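Have a look at the structure below, then the notes.
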Amino acid sequence: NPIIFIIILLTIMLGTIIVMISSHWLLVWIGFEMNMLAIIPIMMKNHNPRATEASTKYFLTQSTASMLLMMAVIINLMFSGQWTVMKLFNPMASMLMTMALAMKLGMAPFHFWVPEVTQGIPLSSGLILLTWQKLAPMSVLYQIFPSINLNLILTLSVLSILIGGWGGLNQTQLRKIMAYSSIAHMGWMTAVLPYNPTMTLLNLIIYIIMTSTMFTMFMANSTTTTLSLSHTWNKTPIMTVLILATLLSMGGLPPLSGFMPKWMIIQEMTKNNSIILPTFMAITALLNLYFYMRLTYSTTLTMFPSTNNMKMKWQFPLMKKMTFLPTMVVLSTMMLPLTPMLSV
Amino acid sequence: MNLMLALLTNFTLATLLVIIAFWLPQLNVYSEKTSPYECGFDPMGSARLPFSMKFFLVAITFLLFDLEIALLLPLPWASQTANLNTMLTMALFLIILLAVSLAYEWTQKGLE
Amino acid sequence: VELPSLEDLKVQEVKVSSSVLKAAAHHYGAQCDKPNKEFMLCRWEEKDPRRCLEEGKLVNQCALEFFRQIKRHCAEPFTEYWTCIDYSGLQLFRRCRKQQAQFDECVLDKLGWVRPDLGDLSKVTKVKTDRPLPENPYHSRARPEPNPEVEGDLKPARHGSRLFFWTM
Amino acid sequence: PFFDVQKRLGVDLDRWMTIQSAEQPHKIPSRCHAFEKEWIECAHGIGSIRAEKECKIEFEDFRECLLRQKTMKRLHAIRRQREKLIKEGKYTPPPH
Amino acid sequence: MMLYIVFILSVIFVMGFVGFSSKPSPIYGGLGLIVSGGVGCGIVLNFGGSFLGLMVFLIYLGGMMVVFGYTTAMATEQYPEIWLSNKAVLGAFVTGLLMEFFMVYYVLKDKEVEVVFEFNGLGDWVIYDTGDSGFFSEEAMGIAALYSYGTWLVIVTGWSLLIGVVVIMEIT
Amino acid sequence: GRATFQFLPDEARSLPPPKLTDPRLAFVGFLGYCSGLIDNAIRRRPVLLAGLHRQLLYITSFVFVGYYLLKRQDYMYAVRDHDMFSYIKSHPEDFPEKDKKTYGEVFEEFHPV
Amino acid sequence: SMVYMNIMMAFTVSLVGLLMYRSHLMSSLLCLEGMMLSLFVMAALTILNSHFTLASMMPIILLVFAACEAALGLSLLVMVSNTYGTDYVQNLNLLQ
Amino acid sequence: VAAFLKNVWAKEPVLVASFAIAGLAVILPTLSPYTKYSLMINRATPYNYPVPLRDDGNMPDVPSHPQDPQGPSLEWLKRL
């Protein structure tokens, strides 16, 4: 059990390297095939009958989303027979390409892949491992990029934040509130991808950091929003101040560094005489903030710590790489004149 | 063009003899008591077919040992070749890659 | 496209069977060597087998005389040689190995040929400068022109990072 | 992103099995081998954004080598050139 | 015997799928695949590559189609039924059955009707279209399976299966 | 833009290098100076002047890495302008010379309130 | 030719209404394994007439994962019947 | 440890016979000089056709007549 838990966990990131290290559509088929093979055990570990009825709702959604990709390869096998990863030489192939791959990253259509899995997996511990599967197909859309129809990639992305926004105001379960606003932060980056496909990766590296540091804060006890009340005056009041800082940073407010992407990403979206496109989305992520305010109105205002239970003992979990996350996820807005010249 | 007329003879002779046994000499309209009998030498089995775990793992285990003999299948065609240090050292890999999959599972089989 | 006429066809065609063609077949190729090896350069080194029709008849016309010689001099052990090898199934060469020397009792001696054991069918040869060397192949149309390069000189940023305000 | 490790250190992870004219283990080419080698000769140092509108001749015939689209249409229309005149003579050619 | 022996196989193969694509009570689902798997192998056993067709019997039809029928007893063991004896099965069988003929009906049975539906014609002997002949090497298709050049290919697919057992050595 | 898959290529020798006592390198690690203080504050230390050996090596980390990071940032702008000026130097038809005209040529609007 | 239209019509054995519905989920996993041989054949018809000589190892490798894939998916479908006894896709508890 | 190769061969001599054939199989191709003749035989079996070359300056070797002493040493097999 302990050693074989690494070898399963090691090959997840070995599956996604072959996706990136490839000049050949057959190897990118194998690449995130075996990821869909080596995630299914991590879903299981404590064997609860929601988890078995959740990974099977996870499974076949990523079997078909696999299967249409191999259909898209064999079409432009017939046309000119080159198999390098490049433009796909056929509009009937690229159309079938992009909205096949839109299930693994799930966009606004291909909807309930995101809440129905992440809710109620008893492994809420992590499930930070759902950042690799947002990272493998983005490494495929960097090459396919100069062959798309420019309407479909925006219509999946204009719907992305308009429906990833509305979906979670009606929630309490903070795994769903993390599952929502994970379609929204896939809406900002693929709205930009036809226009200068770098300054997309800037949004992604920020998104890995701010989301990974959100789950590590959650690993004391936290399950529900009512449980997010009862740890200010019990566990540590410094935790309440920290959990305020990242949310207000992840909303995009200019004293913090989640405003670092947008500020730069509109420098590219206009400069291309497209003005009505960002003004819709920039005003759309505003009610993506009413998750976070009304979440911060729970923990930071002493809202009813009742049912007197004392934690007179210390804490010994492993908060690994936590001391350096809200020091590059908040304070970096002055210190990045060019992060987009390292990553470029 | 006989391959394909080498077997459609053999199946139409097969389906001939079954209908001159199941049909024709048969038709049991007389007494032919098909009552509640014919229950396979028993009575009423109010239970359905129950799951048996030790007779499911025998299905999956075979399937994963069945695949990489088809990888192992073009070994005689891999003889008349070029560079053969590669051909030998890669052929020995898959067999060991089949052999380890025994030894891990070999520490837990069950009453198979 | 343009094709040659119905003439420069209909040559004296070798009308033999498969086994009698494979009967001698071994003494055949290893001793003519002028029309046929040069015909390969007429097919490999330049393609389009519509240009190359002369040496297609040079290999054919000499082969007409190869069988014409073997009929007059010694055909009594020849006809029985491809008799037994035509007793079919794969046309093996180890069945009539006994009767092979009764054919070759005099082919080395009477008309004076040789047995090309295993040195044939390899050992790439040269012929002679026979046709003008076909430069400018099948089309070889245009390159076209590339993009010109920059070497220049690497001096640093002109006033520093030029992003929004961002001096240094 | 496309890291391209296999250009730094010279192993071919794959590469060989990518295009129609690469290695051929005993040197038996394809049906359109002559147009692959000709078309790849066109766009090498070209950055492929001007290659779509400049070369455009060595690619189109190669597409029509592979599917034989108009060759089958020039053949199919000869079945309608004749073969309503089955009864109006001109067998053409007599056997053989 | 005709020139149309390939086209007459594939229509069966198309109708093999519509057999089990609707809802046949998953023991006749086996009688949709083994029909199609052989008829589909009837296509592939032309064109030269016979080794690649005969493997579809051994590893697919011999391996997976036992286990797919070695289940449906240990699970889904309710009282069985047959398709077409209900109303929901026959209502979907005919729906593609017309188009299984209607696509054939005008692709080329008209002269040329008119511009868009005449680029691909039926027949004639240009379906194979492989003249002229070759050499005594192989088909080939014969000298293709290689423990030469591809080594990165095999070292993954060997190792990807080795974790295939260890994922199933657990939960069950 | 050539010589692919390097962290920073060979041709970055003629760049200054970005030597120290620049305020970014003071700021890089100042946040690390803040980060080590957080590292005590999470765990109920209850010191806020705790073990210095944990409070050191954060300073050493960011400053070393951030220096070794900035050598390619100044490279990438230096390779940016290097390719623009060459395309400015060729093709003069895309870069005309504008005429110098003083305020004796323009008759502007004229809109007073 | 028409040997590709049939079979590209036969690729519509996905059809998504019958790729997860209705109940007896074994009927849906059926066409997931039966969606292969519409890819195994549609590749094999193209590599074989156009003599690529090397890409015909890819249809051999196309089965090897999809067998191991579906075998994994069949393991979990026992686990839905190990807890119940019936698969019945109108089982739903974890909302979305 | 020298009893372990004799006190498991009294209990299960089944897998011991497997390792004895698993071993002494990888070892031997690094040993006998019969190998690399297995690559030497396998190199000079002609499948395809030998295309000729052209004289241009060189003239290195191997003139138009094949039965001349022109080519390399592959005639040690007939003596073998």
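Going by the structure tokens order, chains are called A, B, ..., each with residues numbered from 1, while ligands are numbered from 1 in the order shown.
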Helix (DSSP H, G or I) per DSSP on the backbone: members of segment 46-81 of chain B, as a PyMOL selection string: chain B and resi 53-55+57-67
Distance filter 12 Å, only C-alpha atoms, chain D against chain F, as an MDAnalysis selection string: chainID D and resid 1:9
For the residues in that selection, give me N, CA, C and O atoms as an mmCIF file, in the first residue's frame.
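After the write, selection-v4.cif holds the following:
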```
data_model
loop_
_atom_site.group_PDB
_atom_site.id
_atom_site.type_symbol
_atom_site.label_atom_id
_atom_site.label_comp_id
_atom_site.auth_asym_id
_atom_site.auth_seq_id
_atom_site.Cartn_x
_atom_site.Cartn_y
_atom_site.Cartn_z
ATOM 1 N N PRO D 1 3.216 23.010 -22.430
ATOM 2 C CA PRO D 1 3.860 23.618 -23.592
ATOM 3 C C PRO D 1 4.916 22.724 -24.196
ATOM 4 O O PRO D 1 5.467 21.874 -23.508
ATOM 5 N N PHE D 2 5.200 22.935 -25.473
ATOM 6 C CA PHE D 2 6.049 22.043 -26.247
ATOM 7 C C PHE D 2 7.491 22.232 -25.789
ATOM 8 O O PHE D 2 8.195 23.115 -26.285
ATOM 9 N N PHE D 3 7.917 21.407 -24.826
ATOM 10 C CA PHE D 3 9.249 21.532 -24.244
ATOM 11 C C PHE D 3 10.343 21.208 -25.249
ATOM 12 O O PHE D 3 11.375 21.886 -25.278
ATOM 13 N N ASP D 4 10.137 20.163 -26.054
ATOM 14 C CA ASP D 4 11.062 19.661 -27.078
ATOM 15 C C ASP D 4 12.404 19.252 -26.459
ATOM 16 O O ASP D 4 13.463 19.803 -26.759
ATOM 17 N N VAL D 5 12.320 18.243 -25.592
ATOM 18 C CA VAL D 5 13.521 17.635 -25.029
ATOM 19 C C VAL D 5 14.307 16.906 -26.110
ATOM 20 O O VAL D 5 15.537 17.008 -26.176
ATOM 21 N N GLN D 6 13.613 16.223 -27.021
ATOM 22 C CA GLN D 6 14.292 15.348 -27.978
ATOM 23 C C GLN D 6 15.038 16.099 -29.079
ATOM 24 O O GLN D 6 15.629 15.448 -29.948
ATOM 25 N N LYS D 7 15.011 17.434 -29.084
ATOM 26 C CA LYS D 7 15.886 18.189 -29.973
ATOM 27 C C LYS D 7 17.203 18.535 -29.293
ATOM 28 O O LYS D 7 18.234 18.653 -29.962
ATOM 29 N N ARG D 8 17.181 18.727 -27.974
ATOM 30 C CA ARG D 8 18.402 18.954 -27.212
ATOM 31 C C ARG D 8 19.319 17.741 -27.236
ATOM 32 O O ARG D 8 20.418 17.795 -27.795
ATOM 33 N N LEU D 9 18.872 16.644 -26.641
ATOM 34 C CA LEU D 9 19.652 15.420 -26.573
ATOM 35 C C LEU D 9 19.147 14.459 -27.639
ATOM 36 O O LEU D 9 17.942 14.209 -27.742
#
```
Residues of chain H within 9 Å of chain C: nearest atom pair and distance (Å, one decimal) for each, counting only C-alpha atoms, sorted by chain and number, as a tab-separated table?
```
residue	atom	partner	partner_atom	distance
H:44	CA	C:122	CA	8.7
H:46	CA	C:122	CA	7.4
H:49	CA	C:121	CA	7.4
H:50	CA	C:122	CA	5.8
H:51	CA	C:124	CA	6.4
H:52	CA	C:124	CA	4.8
H:53	CA	C:126	CA	4.8
H:54	CA	C:126	CA	4.8
H:55	CA	C:126	CA	5.7
H:56	CA	C:129	CA	8.0
H:59	CA	C:126	CA	8.0
H:61	CA	C:125	CA	8.4
H:62	CA	C:125	CA	5.6
H:63	CA	C:125	CA	5.6
H:64	CA	C:127	CA	5.4
H:65	CA	C:33	CA	7.0
H:66	CA	C:120	CA	6.6
H:67	CA	C:119	CA	6.8
H:70	CA	C:123	CA	7.7
H:71	CA	C:123	CA	5.4
H:72	CA	C:123	CA	7.6
H:74	CA	C:119	CA	7.8
H:75	CA	C:118	CA	6.9
H:78	CA	C:118	CA	8.1
```
Deliver the residues from the most recent selection as a file, using N, CA, C and O atoms, as a CSV table (one decimal), in the first residue's frame.
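Output saved as selection-v6.csv:
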```
chain,number,residue,atom,x,y,z
H,44,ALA,N,24.1,-10.2,-45.2
H,44,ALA,CA,24.3,-10.5,-46.6
H,44,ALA,C,23.3,-11.4,-47.2
H,44,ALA,O,23.6,-12.1,-48.1
H,46,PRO,N,20.4,-11.1,-49.6
H,46,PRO,CA,19.8,-10.0,-50.4
H,46,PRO,C,18.3,-10.2,-50.6
H,46,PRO,O,17.9,-11.2,-51.2
H,49,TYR,N,17.0,-5.5,-55.0
H,49,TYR,CA,17.8,-5.6,-56.2
H,49,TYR,C,19.0,-4.7,-56.1
H,49,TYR,O,18.9,-3.6,-55.6
H,50,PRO,N,20.2,-5.2,-56.4
H,50,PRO,CA,21.4,-4.3,-56.4
H,50,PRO,C,21.4,-3.4,-57.6
H,50,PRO,O,21.7,-3.9,-58.8
H,51,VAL,N,21.1,-2.2,-57.4
H,51,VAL,CA,21.2,-1.1,-58.4
H,51,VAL,C,22.7,-0.9,-58.7
H,51,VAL,O,23.5,-1.1,-57.7
H,52,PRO,N,23.2,-0.6,-59.9
H,52,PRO,CA,24.6,-0.3,-60.1
H,52,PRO,C,24.9,1.2,-59.8
H,52,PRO,O,24.1,2.0,-59.4
H,53,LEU,N,26.2,1.5,-60.0
H,53,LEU,CA,26.7,2.9,-59.8
H,53,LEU,C,27.3,3.3,-61.2
H,53,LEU,O,27.2,2.6,-62.2
H,54,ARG,N,27.9,4.5,-61.2
H,54,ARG,CA,28.5,5.1,-62.4
H,54,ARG,C,29.9,5.4,-62.1
H,54,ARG,O,30.4,5.8,-61.0
H,55,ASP,N,30.7,5.3,-63.2
H,55,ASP,CA,32.1,5.8,-63.2
H,55,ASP,C,32.2,7.3,-63.4
H,55,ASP,O,31.6,7.8,-64.3
H,56,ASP,N,32.9,7.9,-62.5
H,56,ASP,CA,33.2,9.4,-62.6
H,56,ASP,C,34.4,9.7,-61.8
H,56,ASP,O,34.4,9.8,-60.6
H,59,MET,N,35.6,5.1,-60.5
H,59,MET,CA,36.7,4.0,-60.4
H,59,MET,C,37.4,3.7,-59.0
H,59,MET,O,38.6,3.9,-58.9
H,61,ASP,N,36.8,0.5,-57.4
H,61,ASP,CA,36.9,-0.9,-57.5
H,61,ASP,C,35.8,-1.4,-58.4
H,61,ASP,O,35.2,-0.6,-59.2
H,62,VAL,N,35.6,-2.7,-58.4
H,62,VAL,CA,34.4,-3.4,-58.9
H,62,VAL,C,33.9,-3.0,-60.3
H,62,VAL,O,33.0,-2.2,-60.5
H,63,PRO,N,34.6,-3.5,-61.3
H,63,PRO,CA,34.2,-3.1,-62.7
H,63,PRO,C,32.9,-3.9,-63.2
H,63,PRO,O,32.3,-4.5,-62.4
H,64,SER,N,32.6,-3.7,-64.4
H,64,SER,CA,31.3,-4.2,-65.0
H,64,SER,C,31.2,-5.7,-64.9
H,64,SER,O,30.0,-6.2,-64.9
H,65,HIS,N,32.3,-6.5,-64.8
H,65,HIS,CA,32.1,-7.9,-64.7
H,65,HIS,C,32.0,-8.3,-63.3
H,65,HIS,O,32.9,-8.0,-62.5
H,66,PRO,N,31.0,-9.1,-62.9
H,66,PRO,CA,30.8,-9.4,-61.5
H,66,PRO,C,31.7,-10.5,-61.0
H,66,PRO,O,32.1,-10.5,-59.9
H,67,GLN,N,32.0,-11.5,-61.9
H,67,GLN,CA,32.8,-12.6,-61.5
H,67,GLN,C,34.3,-12.4,-61.4
H,67,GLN,O,35.1,-13.3,-61.1
H,70,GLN,N,36.4,-8.7,-57.3
H,70,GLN,CA,36.0,-7.3,-57.2
H,70,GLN,C,35.3,-7.0,-55.9
H,70,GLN,O,35.7,-6.0,-55.3
H,71,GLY,N,34.4,-7.8,-55.4
H,71,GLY,CA,33.6,-7.5,-54.2
H,71,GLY,C,34.2,-8.1,-52.9
H,71,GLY,O,35.2,-8.7,-52.9
H,72,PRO,N,33.4,-7.8,-51.8
H,72,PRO,CA,33.9,-8.2,-50.5
H,72,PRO,C,33.8,-9.7,-50.2
H,72,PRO,O,33.3,-10.5,-51.1
H,74,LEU,N,32.0,-12.5,-48.8
H,74,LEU,CA,30.8,-13.2,-48.3
H,74,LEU,C,30.8,-14.6,-48.8
H,74,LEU,O,29.8,-15.3,-48.7
H,75,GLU,N,32.0,-15.1,-49.3
H,75,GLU,CA,32.1,-16.4,-49.9
H,75,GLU,C,32.7,-17.4,-48.9
H,75,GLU,O,33.1,-18.5,-49.3
H,78,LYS,N,30.0,-20.7,-48.2
H,78,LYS,CA,30.1,-21.9,-49.0
H,78,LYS,C,31.1,-22.8,-48.5
H,78,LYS,O,30.9,-24.1,-48.6
```
Interface residues on chain F facing chain A, 6 Å, only C-alpha atoms, written as number ranges by chain: F: 39, 73, 76
Selected residues, C-alpha atoms, written as an mmCIF file, in the first residue's frame, please.
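Result saved to result.cif:
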```cif
data_model
loop_
_atom_site.group_PDB
_atom_site.id
_atom_site.type_symbol
_atom_site.label_atom_id
_atom_site.label_comp_id
_atom_site.auth_asym_id
_atom_site.auth_seq_id
_atom_site.Cartn_x
_atom_site.Cartn_y
_atom_site.Cartn_z
ATOM 1 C CA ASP F 39 6.035 30.351 9.026
ATOM 2 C CA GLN F 73 14.231 38.720 -18.187
ATOM 3 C CA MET F 76 14.288 38.598 -23.508
#
```
Spatial neighbours of residue 37 of chain F, 10 Å, only C-alpha atoms, chain gap at least 2 places, as an MDAnalysis selection string: (chainID A and resid 323) or (chainID F and resid 31:35 39:42 47:50 54:55)
Residue neighbourhood segment 36-53 of chain D, 12 Å, only C-alpha atoms, exclusion window fewer than 3 positions, as a ChimeraX atom specification: /A:80-82,86-87,89,146-147 /C:137-149 /D:19-22,29-33,56-63,65-66
8 Å contact set for segment 70-86 of chain D, only C-alpha atoms, chain neighbours under 4 positions out, as a PyMOL selection string: (chain D and resi 64+90-91) or (chain E and resi 111+119+121)
Now that the selection is made, can you save its residues with N, CA, C and O atoms as a tab-separated table (two decimals), in the first residue's frame?
```tsv
chain	number	residue	atom	x	y	z
D	64	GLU	N	-4.35	15.37	-54.45
D	64	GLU	CA	-5.06	14.73	-55.54
D	64	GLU	C	-4.33	13.50	-56.04
D	64	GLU	O	-4.90	12.72	-56.81
D	90	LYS	N	-20.14	1.76	-82.00
D	90	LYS	CA	-18.84	2.10	-81.42
D	90	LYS	C	-18.57	1.30	-80.14
D	90	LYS	O	-18.61	1.82	-79.02
D	91	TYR	N	-18.36	0.00	-80.36
D	91	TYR	CA	-17.92	-0.89	-79.29
D	91	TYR	C	-16.60	-0.42	-78.68
D	91	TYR	O	-16.53	-0.13	-77.48
E	111	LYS	N	-27.47	9.12	-62.58
E	111	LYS	CA	-26.33	9.33	-63.47
E	111	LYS	C	-25.26	10.15	-62.75
E	111	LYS	O	-24.16	9.66	-62.50
E	119	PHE	N	-19.22	12.83	-56.16
E	119	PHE	CA	-17.75	12.82	-56.18
E	119	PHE	C	-17.20	11.43	-55.90
E	119	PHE	O	-16.13	11.07	-56.41
E	121	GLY	N	-18.07	7.52	-56.29
E	121	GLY	CA	-18.93	6.56	-56.94
E	121	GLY	C	-18.74	5.14	-56.42
E	121	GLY	O	-17.71	4.79	-55.85
```
Å distance separating atom CA of residue 99 of chain E from atom CA of residue 9 of chain G, one decimal place: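 Atom CA of residue 9 of chain G lies 9.5 Å from atom CA of residue 99 of chain E.
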Enumerate, in order of chain and increasing residue number, the residues of chain B with an atom no farther than 9 Å from chain H, each with its shortest atom pair and distance in Å to one decimal, counting only C-alpha atoms, as a Markdown table.
```
| residue | atom | partner | partner_atom | distance |
| --- | --- | --- | --- | --- |
| B:79 | CA | H:42 | CA | 8.7 |
| B:80 | CA | H:42 | CA | 6.4 |
| B:81 | CA | H:42 | CA | 6.7 |
| B:82 | CA | H:43 | CA | 7.0 |
| B:83 | CA | H:39 | CA | 7.4 |
| B:84 | CA | H:39 | CA | 7.0 |
| B:89 | CA | H:26 | CA | 8.8 |
| B:92 | CA | H:26 | CA | 8.4 |
```
